[PDB]
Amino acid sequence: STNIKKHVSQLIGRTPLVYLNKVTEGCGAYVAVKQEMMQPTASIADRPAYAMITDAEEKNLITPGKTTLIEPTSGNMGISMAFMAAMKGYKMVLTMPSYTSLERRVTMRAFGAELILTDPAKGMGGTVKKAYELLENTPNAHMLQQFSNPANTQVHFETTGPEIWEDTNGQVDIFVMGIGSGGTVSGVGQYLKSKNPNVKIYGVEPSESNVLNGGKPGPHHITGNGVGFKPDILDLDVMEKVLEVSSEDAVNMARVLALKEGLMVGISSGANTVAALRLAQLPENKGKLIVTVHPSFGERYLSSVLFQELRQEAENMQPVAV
């Protein structure tokens, strides 16, 4: 009868693409970026959170008011799970390393989830290990396990990829995306290549923790990428290669995106944009359409290295007389 959504979860998906022409000056390729800040919790993680929880219900694995859901996260998946659990009536417990932004912690709690922070030194690997310990010691609990759950990849094959194909009217030549769980790059990549096998798919990881390129895990600032291990769901074969972007470059670019393009986005958005620009410099990519993603909104990073200096300045601002 109307266009009014029946459920808040129906607000997930179908995000816009927009061209960049400022940070791309002189690069010689088209660059379009998908804006995942237009999701109900303002990151791309709403997609796999919805898909995994719904899949578990269809499989008759979990039950509202009975099952405790437990999930490891660098923040966004945690928020998105907290959001789904709030709506569907599940107790939600997240594990997250203590080095991720304060805003991530507060938002999870605002949706009523319980949060356990883990040793910072042990990174996402430690947060996953803690989640398994909690699972083993909690009656009637279930872990969706984003790093191993194929519904994660599938949602991107089903929705994020088709959205890119349709919005570019089949013209996308290159897709680049940083890897956290690997769900996005794997699902979008598999889909785009099923429509045009010439499409080139690139992952991105932090130079500091370049494990996919054979390096050692280490601390870095690109929250949402570089978990320090190869996720089970990551499809290595679909990617041409995994590009490396330094934490410093990713952070610097995210700041420029706000100041020059009007896009207040997260650190992984900056990393993706650096990677896309690097691809544009290559002779073989001149005149091609490169699509990447800005996976999260910048206000979730006020306390991170991205904006903490500004935040401190802002906290010390004082009123003037009128």
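The numbering used is simple: start at 1 and walk along the sequence shown.
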**Prompt:** Which wins on mean Cα temperature factor, 53-61 or 256-264?
**Reply:** 53-61
**Mean C-alpha temperature factor, higher of 267-275 and 22-30** = 22-30
**Item:** C-alpha B-factor winner, where the candidates are 190, 223, 210, 80
**Value:** 210
**Asked** In the PDB entry, which of 72, 162, 180, 197 has its C-alpha at the highest B-factor?
**Response** 197
**residue 92 CA temperature factor, ranked by third within the chain** = highest
**Item:** Assigned third (lowest, middle, highest) for the C-alpha B factor of residue 108
**Value:** middle
**Message:** How does the C-alpha B factor of residue 67 compare with the rest of the chain: lowest, middle or highest third?
**Reply:** highest
**Asked** What third of its chain's C-alpha B-factors does residue 39 belong to: lowest, middle or highest?
**Response** middle
**Message:** Where does the C-alpha B-factor of residue 118 rank in its chain, lowest, middle or highest third?
**Reply:** middle
